[PDB]
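# What the coordinates show
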Amino acid sequence: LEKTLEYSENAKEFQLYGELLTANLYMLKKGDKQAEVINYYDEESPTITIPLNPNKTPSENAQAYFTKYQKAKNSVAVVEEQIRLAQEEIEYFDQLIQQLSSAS
Amino acid sequence: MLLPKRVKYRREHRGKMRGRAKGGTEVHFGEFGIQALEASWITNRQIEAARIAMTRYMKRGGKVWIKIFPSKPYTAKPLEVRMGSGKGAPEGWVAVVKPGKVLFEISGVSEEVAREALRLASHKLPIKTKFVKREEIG
Amino acid sequence: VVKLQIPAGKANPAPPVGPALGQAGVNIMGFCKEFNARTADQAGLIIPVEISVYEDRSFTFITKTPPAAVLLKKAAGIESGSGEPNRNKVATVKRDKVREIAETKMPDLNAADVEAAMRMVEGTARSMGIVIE
Amino acid sequence: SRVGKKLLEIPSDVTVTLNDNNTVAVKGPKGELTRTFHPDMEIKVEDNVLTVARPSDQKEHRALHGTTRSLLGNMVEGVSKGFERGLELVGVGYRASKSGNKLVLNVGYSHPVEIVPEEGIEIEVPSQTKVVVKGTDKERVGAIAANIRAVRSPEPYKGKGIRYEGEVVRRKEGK
Amino acid sequence: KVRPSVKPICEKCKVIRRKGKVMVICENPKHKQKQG
RNA sequence: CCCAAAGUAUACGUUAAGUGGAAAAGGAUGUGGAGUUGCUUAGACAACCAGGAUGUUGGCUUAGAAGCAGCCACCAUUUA
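Residues numbered from 1 in each chain as written, not as in the entry; some residues may be left out. Chains lettered and ligands numbered in written order. Part of a larger assembly, values for the part shown. Heavy atoms only, no water.

The title given to this PDB entry is "Structure of the bacterial RQC complex (Decoding State)". Per UniProt, chain E has the following entry under Subunit: "Part of the 50S ribosomal subunit." Quoted verbatim from the Sequence similarities field of the UniProt record, the comment on chain E reads "Belongs to the bacterial ribosomal protein bL36 family." (UniProt positions renumbered as here; feature names shortened; annotations may be inferred.)

For chain D, the PDB entry supplies the name 50S ribosomal protein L6 and the organism Bacillus subtilis subsp. subtilis str. 168. Recorded in UniProt for chain D, the comment headed Subunit runs: "Part of the 50S ribosomal subunit." Taken verbatim from the UniProt record of chain D, the Sequence similarities comment is "Belongs to the universal ribosomal protein uL6 family."

## A word on helix α1 (residues 59-80) of chain D
Residue and element names in this part refer to chain D. Along its 22 residues, α1 runs 32 Å from first to last C-alpha, staying within 8% of the 32 Å computed at 1.5 Å per residue. Of the residues making up α1, those classed as buried are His-61, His-65, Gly-66, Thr-68, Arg-69, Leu-72, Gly-73, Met-75, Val-76, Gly-78, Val-79 and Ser-80. In this structure, the buried residues of α1 make contact with β1 (8-9), β3 (23-28), β4 (31-36), β6 (49-52) and β7 (83-90). Phi turns positive one or two residues past the end of α1, at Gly-82, with a value near 85 degrees. (Helix = DSSP H or I, 4+ residues; strand = E, 2+ residues; numbered from the N terminus. Expected span 1.5 Å × (residues − 1). Buried < 20%, exposed > 50% of the residue type's maximum accessible area, 1.4 Å probe, protein only. Contact = heavy atoms within 4.5 Å.)

## Let's talk about the pattern of salt bridges
Close approach of charged atoms lets side chains of opposite charge pair. Residue and element names in this part refer to chain B. This model, assessed by the stated rule, comprises 17 salt bridges over all chains. Close ionic contact of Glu-111 with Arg-115 constitutes a salt bridge, the shortest N to O distance being 3.2 Å. Taken together, the positions of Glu-111 and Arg-115, both in helix α2 (residues 111-122) and four residues apart, correspond to about one turn of that helix. The exposure class of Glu-111 is partly exposed, given its relative accessible area of 31%. With relative accessibility at 43%, the residue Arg-115 sits in the partly exposed group. Salt bridges sharing partners connect three or more residues here, namely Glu-31, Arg-134 and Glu-136. (Salt bridge = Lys/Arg side-chain N within 4 Å of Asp/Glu carboxyl O.)

This is the structure in structure tokens:
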């Protein structure tokens, strides 16, 4: 679950890449991949990016990235709930180990 | 699932269904109802099916009044046996429904919700049905 | 022609003005300075600017008034509206700045009289969740 | 309130016959039409306008009055202006071809497609895709267009085969 | 589909009576119904 | 009507399937009637020529909801 908690921060970069692709998806739609992207945010002007996309649709790849991001934030809710439940279960099971170990 | 938990006799004659409804002819609890047009025995399984079919589509709304009750039992002789040698064991319960009788009563919803719920109930029943409403002369 | 509401203080980068002028066939960065020159005195607000298109790749932009929504945010102070207007009355705006907001919309709106305009911006104020008082 | 009462103006120059047992021949610059009708209807012709009158209010007469007036309108429209049904052959290897009066279609079958036009109906192939059939009767050009569409029906995944003017085929997603 | 309960599925469905048979035609070809 | 004796009888309607001359739940713009109700020659239901709008990308919302994901009091003008 902590692996998915790191996949949460990984998914945000994918969402940003999808937004960059969306603000530039008006040319090279046919077989679109490794297309240089001009920085849309910040004054950094960071090196042109080269996103690679599958052959679905130039917009549905960015839309798929944005969907992965929504699933990621729902995961941020649910996996934290599951971690809380799992530590409660580990505390109860360690207590049950203690009560079984010293029992007649 | 409706059945009496105690009966005076477990085996009864099947009776006759001549004439109109003796009572329960006018809608007087809910706003809308089903009026029977033909006479047949209505099994409590059919009553349960109609009640679930109304209640599911009326997930928000008023309660359902079931005006009929399966008080009369029917006996079913076991299969592959000869005729006679005693009356068979009772199997289920039916309600004797005459034409003109109100079957189920609905109040507290809209018009089209009630009409569609009564249509879904009527498609489970073995009798011809019609839509009736309360009349206020009065 | 493609019309759009361009923010004054964030017209430099590749968002909104980027892909709109990119499909027209002109360099965005050569006109971002021209946008920021005329949007300096109304900075901090989102200004709709008409983007006319010509065959000889020359572009002249006809700016418009600020919207009645943004001007009511200036008059009230809150940036984001309520979740349910006419259910959570978050702000109240006096009628004098309402008259000023209606008087700012003379050269674009086709209203014959200012009373019609203040009756319009009363209706826009009701969509804001802001009490007209 | 119905099509049997509106006037039908005819252009210059056409003429119409009023032969017995309801047979109508229509003369004009672009052909000749002749059809047989039903004896129950009385037809009358005025100055440069045609009128059809009902005998009664029965449903058969109410249908037949409208059909007769509509097909007379079709005759006077086709004898002076004509009717064109345009078709497009969409594809990388699709071609309509001409060899005299014969019409050849380079549909992707293993055998060349040939269709024989009837008399009075002509087909012209100007370009890569677009093809025009010419005629003076709507029924004949409709039958010709149906016969052209019959050899290759358009398949819904991609635009292929014979297609009219503006009409949407249902797009389906493949894998 | 051939069924004895020919009904309009959607709002675009139109009920017709070709050849003495109750039919429904629609822009969606899945809604085409015939009886008899 | 003929086989097969006697009306191709009279008046008023109905049915178009060979119903007549084999059954149902259910489905259906079949048709003949009866009775309400909105409009209608100040011009009715459809059809053809035009407007189909600016305040305004109405707000909350996701990058983006620009009338047309969702929640929504749902207003005001130029006016034919």
